$ cat run25.cif   # mmCIF, C-alpha atoms
data_protein
loop_
_atom_site.label_atom_id
_atom_site.label_comp_id
_atom_site.auth_asym_id
_atom_site.auth_seq_id
_atom_site.Cartn_x
_atom_site.Cartn_y
_atom_site.Cartn_z
CA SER A 1 0.00 0.00 0.00
CA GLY A 2 1.08 3.67 -0.30
CA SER A 3 3.95 4.43 -2.72
CA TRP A 4 6.73 2.16 -1.37
CA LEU A 5 6.98 0.24 -4.68
CA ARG A 6 6.49 3.51 -6.64
CA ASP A 7 9.16 5.53 -4.76
CA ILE A 8 11.88 2.88 -5.31
CA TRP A 9 10.77 2.65 -8.98
CA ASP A 10 11.05 6.46 -9.43
CA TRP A 11 14.80 6.23 -8.67
CA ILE A 12 15.26 3.13 -10.89
CA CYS A 13 13.27 4.87 -13.68
CA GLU A 14 15.76 7.79 -13.78
CA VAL A 15 18.75 5.39 -13.94
CA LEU A 16 17.07 3.56 -16.87
CA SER A 17 16.59 6.88 -18.77
CA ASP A 18 20.35 7.36 -19.41
CA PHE A 19 20.63 3.67 -20.42
CA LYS A 20 17.93 4.19 -23.10
CA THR A 21 19.71 7.35 -24.39
CA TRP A 22 22.84 5.22 -24.98
CA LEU A 23 20.86 2.57 -26.94
CA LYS A 24 18.56 5.08 -28.73
CA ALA A 25 21.58 7.19 -29.81
CA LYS A 26 23.02 4.19 -31.73
CA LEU A 27 20.67 1.48 -33.19
CA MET A 28 19.79 1.59 -36.95
CA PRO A 29 22.32 -1.00 -38.19
CA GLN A 30 21.34 -0.50 -41.87
CA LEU A 31 17.85 0.97 -42.56
#

$ encode --input "run25.cif" --output "structure tokens"
Amino acid sequence: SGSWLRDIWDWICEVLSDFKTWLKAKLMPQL
């Protein structure tokens, strides 16, 4: 109950943002 699982996710969500920027910046092997 409350936001115990949401609070811990908020911090993990920010750490995942930079990880996506590294993968989104590259990608497109041929296209």

$ atom_distance --input "run25.cif" --atom1 "CA of residue 9 (chain A)" --atom2 "CA of residue 22 (chain A)"
20.2 Å

$ atom_distance --input "run25.cif" --atom1 "CA of residue 24 (chain A)" --atom2 "CA of residue 6 (chain A)"
25.2 Å

$ atom_distance --input "run25.cif" --atom1 "CA of residue 26 (chain A)" --atom2 "CA of residue 12 (chain A)"
22.3 Å
